[PDB]
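Q: First the structure, which I've put down as structure tokens, then a few questions once you've had a look.
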Amino acid sequence: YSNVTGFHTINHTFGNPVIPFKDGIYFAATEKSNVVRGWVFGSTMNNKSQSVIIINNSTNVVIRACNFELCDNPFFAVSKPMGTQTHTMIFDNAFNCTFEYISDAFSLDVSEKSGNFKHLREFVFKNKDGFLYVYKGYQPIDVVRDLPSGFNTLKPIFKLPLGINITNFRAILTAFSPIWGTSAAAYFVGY
Amino acid sequence: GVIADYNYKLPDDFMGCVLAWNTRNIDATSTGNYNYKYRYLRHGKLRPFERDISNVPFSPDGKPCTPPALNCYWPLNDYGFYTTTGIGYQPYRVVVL
Ligand SMILES: *[C@@H]1O[C@H](CO)[C@@H](O)[C@H](O)[C@H]1NC(C)=O
């Protein structure tokens with residue numbers, strides 16, 4: 001029952017700030033069209049320190065740690081009438097690439113849906129002993145906002161020894177450009 | 001001291017071996033190896049098993065710095081290897097398991 005910060009995104013509200021990772025986070029993805037699609041876990045938020053990128057680019061789960069030149073607004077641009085991704089503007093530079101992983105090839109929900117939020121993805125990220133404990137929770141929901149009371153078990157999918165400096169992070173949204181713009185979505189910090 | 005909290009911290013329950021050998025003729029020169037450096041400078045300290053190669057100027061005891069400010073230097077400091085020195089300034093090469 002502890003206090004959970006609700007970062008909603010409406011057509012004007014565009015939020016992914018410097019959010020502290022201080023102990024680890026309990027992430028929630030109240031999604032209907034896969035708006036939230038990635039993170040960058042780092043400390044300095046530039047190309048100086050090592051930082052890792054974990055994204056889903058609707059083809060792969062791309063897991064990569066370099067000296068990424070952190071774009072101060074990371075986003076995906078998806079054409080709202082057409083329904084496909086146009087941009088991947090995440091990094092400017094990338095050097096001393098220390099970790100690489102790219103998952104299996106697929107195709108995901110890219111275009112914008114309407115109504116209630118279809119599915120909730122519950123993610124837990126923990127830095128212990130150089131590992132990045134990455135957990136997963138997933139069960140369908142149907143709600144507008146206001147994160148529901150529930151009961152489900154988070155499961156281990158990625159015990160990842162990245163070994164980098166993670167004191168902050170930043171969500172990677174998806175800008176639905178019909179000029180930028182969004183759709184209805186919300187994510188949660190969860191210390 | 002220097003290596004753990006700034007360069008790379010090691011946890012104190014799970015670790016393998018230290019594989020160090022003689023590299024006097026390889027890495028050093030009698031007047032100085034000014035080519036390789038270490039971190040003594042971080043806002044805060046490290047968690048165990050953590051790289052940090054930030055070329056951002058920090059403070060030596062964790063003080064927030066927008067440079068030019070007080071106590072804001074290079075992140076990196078010299079080694080200075082000689083072949084005409086003692087073992088404490090000889091260069092070795094350590095492989096961690
Ligand atoms: C934090 O949560 C409690 C109950 O969980 C609630 O009463 C309180 O208002 C919340 N804090 C804020 C600032 O809303």
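If you're wondering about the labels, chains in the structure tokens are A, B, ... by order shown, residues count from 1 in each chain, ligands from 1 in order shown.
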Which neighbours of stretch 84-93 of chain B fall inside 7 Å, counting only C-alpha atoms, when residues of the same chain fewer than 5 positions from it are skipped, and could you give them as a PDB file with N, CA and C atoms, in the first residue's frame?
A:
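Produced file out_17.pdb, reproduced below:
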```
ATOM      1  N   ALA B  20      48.209 -12.296 -11.629  1.00  0.00           N
ATOM      2  CA  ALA B  20      49.157 -11.207 -11.828  1.00  0.00           C
ATOM      3  C   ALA B  20      50.537 -11.764 -12.143  1.00  0.00           C
ATOM      4  N   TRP B  21      51.208 -11.179 -13.141  1.00  0.00           N
ATOM      5  CA  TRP B  21      52.553 -11.604 -13.511  1.00  0.00           C
ATOM      6  C   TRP B  21      53.428 -10.389 -13.784  1.00  0.00           C
ATOM      7  N   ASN B  22      54.676 -10.676 -14.150  1.00  0.00           N
ATOM      8  CA  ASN B  22      55.731  -9.679 -14.280  1.00  0.00           C
ATOM      9  C   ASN B  22      55.646  -9.011 -15.647  1.00  0.00           C
ATOM     10  N   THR B  23      55.388  -7.703 -15.660  1.00  0.00           N
ATOM     11  CA  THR B  23      55.364  -6.900 -16.883  1.00  0.00           C
ATOM     12  C   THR B  23      56.239  -5.663 -16.728  1.00  0.00           C
ATOM     13  N   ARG B  24      57.464  -5.861 -16.234  1.00  0.00           N
ATOM     14  CA  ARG B  24      58.410  -4.755 -16.118  1.00  0.00           C
ATOM     15  C   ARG B  24      58.895  -4.291 -17.485  1.00  0.00           C
ATOM     16  N   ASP B  27      55.196  -2.890 -19.884  1.00  0.00           N
ATOM     17  CA  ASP B  27      54.355  -1.720 -19.680  1.00  0.00           C
ATOM     18  C   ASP B  27      55.115  -0.484 -19.227  1.00  0.00           C
ATOM     19  N   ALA B  28      56.292  -0.640 -18.632  1.00  0.00           N
ATOM     20  CA  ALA B  28      57.000   0.485 -18.038  1.00  0.00           C
ATOM     21  C   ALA B  28      58.113   0.999 -18.945  1.00  0.00           C
ATOM     22  N   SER B  30      61.807   3.609 -18.104  1.00  0.00           N
ATOM     23  CA  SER B  30      62.614   4.056 -16.966  1.00  0.00           C
ATOM     24  C   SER B  30      62.368   5.510 -16.570  1.00  0.00           C
TER      25      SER B  30
END
```
Q: Please find the residues contacting ligand 1 at a distance of at most 12 Å between atoms, with only C-alpha atoms and all ligand atoms counted, and report them as a PyMOL selection string.
A: chain A and resi 1-6+149
Q: For the selection you just gave me, I'd like the residues written to a file as a PDB file, in the first residue's frame, keeping C-alpha atoms.
A:
```
ATOM      1  CA  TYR A   1       0.000   0.000   0.000  1.00  0.00           C
ATOM      2  CA  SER A   2       2.979   2.360  -0.213  1.00  0.00           C
ATOM      3  CA  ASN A   3       2.997   5.630  -2.136  1.00  0.00           C
ATOM      4  CA  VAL A   4       3.403   5.189  -5.892  1.00  0.00           C
ATOM      5  CA  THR A   5       4.157   8.092  -8.234  1.00  0.00           C
ATOM      6  CA  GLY A   6       1.819   8.138 -11.219  1.00  0.00           C
ATOM      7  CA  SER A 149      -5.229  -3.297  -6.352  1.00  0.00           C
TER       8      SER A 149
END
```
Q: Tell me the residues of chain A close to chain B, meaning within 10 Å using only C-alpha atoms, as a list in words.
A: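 Per the criterion, chain A yields residues 42, 43, 44, 45, 46, 47, 48, 49, 50, 51, 67, 96, 127, 128, 129, 130, 131, 161, 162, 163, 164, 165, 166 and 167 of chain A.
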Q: Suppose you want the space between atom CA of residue A:14 and atom CA of residue A:54; what is it in Å?
A: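 So the answer is 20.2 Å.
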Q: For residue A:40, find every residue with an atom within 9 Å (counting only C-alpha atoms), except residues of its own chain fewer than 3 positions away, and show them as a list in words.
A: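 The contact residues come out as residues 45, 51, 52, 53, 54, 55, 70, 168, 169, 170, 171 and 172 of chain A.
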Q: When distances are computed from only C-alpha atoms, which of A:16, A:110, A:30, A:76 shows the smallest separation from residue A:142?
A: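 Nearest to residue A:142: A:30.
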Q: Enumerate, as number ranges by chain, the complete set of residues in stretch 11-92 of chain B that a backbone-based DSSP assignment places in strand (DSSP E or B).
A: B: 18-22, 33, 37-39, 48, 76-78, 81, 92
Q: Generate the output file for the selected residues, N, CA, C and O atoms, as a short mmCIF file (atom, residue, chain, number, x, y, z; two decimals), in the first residue's frame.
A:
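Done, and the output landed in part_3.cif:
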```
data_model
loop_
_atom_site.label_atom_id
_atom_site.label_comp_id
_atom_site.auth_asym_id
_atom_site.auth_seq_id
_atom_site.Cartn_x
_atom_site.Cartn_y
_atom_site.Cartn_z
N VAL B 18 43.16 -13.98 -8.61
CA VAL B 18 43.96 -12.83 -9.01
C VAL B 18 45.15 -13.37 -9.80
O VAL B 18 46.01 -14.07 -9.24
N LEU B 19 45.21 -13.06 -11.09
CA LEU B 19 46.20 -13.62 -12.00
C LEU B 19 47.15 -12.50 -12.42
O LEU B 19 46.94 -11.84 -13.43
N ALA B 20 48.21 -12.30 -11.63
CA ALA B 20 49.16 -11.21 -11.83
C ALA B 20 50.54 -11.76 -12.14
O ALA B 20 50.99 -12.70 -11.48
N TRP B 21 51.21 -11.18 -13.14
CA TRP B 21 52.55 -11.60 -13.51
C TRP B 21 53.43 -10.39 -13.78
O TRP B 21 52.99 -9.24 -13.70
N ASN B 22 54.68 -10.68 -14.15
CA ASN B 22 55.73 -9.68 -14.28
C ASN B 22 55.65 -9.01 -15.65
O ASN B 22 55.82 -9.67 -16.68
N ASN B 33 55.76 5.90 -17.41
CA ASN B 33 54.61 5.49 -18.22
C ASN B 33 53.45 6.42 -17.86
O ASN B 33 52.68 6.15 -16.93
N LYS B 37 45.83 5.69 -16.50
CA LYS B 37 45.38 6.52 -15.39
C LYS B 37 44.33 5.78 -14.56
O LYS B 37 43.80 4.74 -14.96
N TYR B 38 44.03 6.34 -13.38
CA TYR B 38 43.02 5.79 -12.47
C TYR B 38 42.05 6.88 -12.05
O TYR B 38 42.37 8.07 -12.04
N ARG B 39 40.87 6.45 -11.62
CA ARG B 39 39.91 7.36 -11.01
C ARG B 39 40.20 7.51 -9.52
O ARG B 39 40.34 6.51 -8.80
N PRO B 48 29.37 -2.63 -5.32
CA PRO B 48 30.28 -3.69 -5.77
C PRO B 48 30.00 -4.13 -7.20
O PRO B 48 28.84 -4.16 -7.64
N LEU B 76 40.94 11.80 -13.54
CA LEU B 76 41.97 10.81 -13.77
C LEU B 76 43.31 11.30 -13.23
O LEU B 76 43.60 12.49 -13.25
N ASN B 77 44.12 10.36 -12.74
CA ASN B 77 45.42 10.66 -12.14
C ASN B 77 46.45 9.65 -12.62
O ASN B 77 46.12 8.50 -12.92
N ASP B 78 47.71 10.08 -12.66
CA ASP B 78 48.80 9.34 -13.31
C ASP B 78 49.16 8.06 -12.56
O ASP B 78 48.79 7.85 -11.40
N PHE B 81 54.95 4.60 -14.18
CA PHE B 81 55.71 3.37 -14.00
C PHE B 81 57.16 3.57 -14.40
O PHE B 81 57.45 4.19 -15.43
N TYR B 92 52.07 -4.46 -13.03
CA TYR B 92 51.62 -5.84 -13.21
C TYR B 92 50.31 -5.84 -13.99
O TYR B 92 49.71 -4.80 -14.25
#
```
Q: What is the atom CA of residue A:13 to atom CA of residue A:145 distance in Å?
A: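 For atom CA of residue A:13 relative to atom CA of residue A:145, the distance reads 14.4 Å.
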Q: Which polymer residues have any atom within 10 Å of an atom of residue A:31, counting only C-alpha atoms, with same-chain residues fewer than 4 positions away left out, as a tab-separated table (two decimals) with C-alpha atoms, in the first residue's frame?
A:
```tsv
chain	number	residue	atom	x	y	z
A	35	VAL	CA	3.78	3.39	-25.44
A	36	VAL	CA	6.53	2.69	-22.90
A	113	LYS	CA	-5.59	1.63	-29.95
A	116	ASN	CA	-9.25	0.85	-21.68
A	117	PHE	CA	-5.64	-0.19	-21.12
A	118	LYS	CA	-5.27	-3.72	-22.46
A	119	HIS	CA	-2.44	-5.23	-20.42
A	120	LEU	CA	-0.24	-4.49	-17.41
A	121	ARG	CA	3.47	-5.26	-17.48
A	140	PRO	CA	-4.49	-8.48	-18.49
A	141	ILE	CA	-6.42	-5.54	-17.04
A	142	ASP	CA	-9.18	-3.17	-18.18
A	184	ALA	CA	-3.08	7.87	-23.10
A	185	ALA	CA	-0.60	5.87	-21.00
A	186	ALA	CA	0.86	5.78	-17.50
A	187	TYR	CA	3.92	4.34	-15.78
```
Q: Please determine, counting only C-alpha atoms, which residue among A:92, A:112, A:122, A:69 has the shortest atom-to-atom distance to residue A:155.
A: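 Between A:92, A:112, A:122, A:69, the residue approaching residue A:155 most closely is A:122.
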Q: What gap, in Å, lies between atom CA of residue A:175 and atom CA of residue A:75?
A: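 Distance between the two atoms: 6.2 Å.
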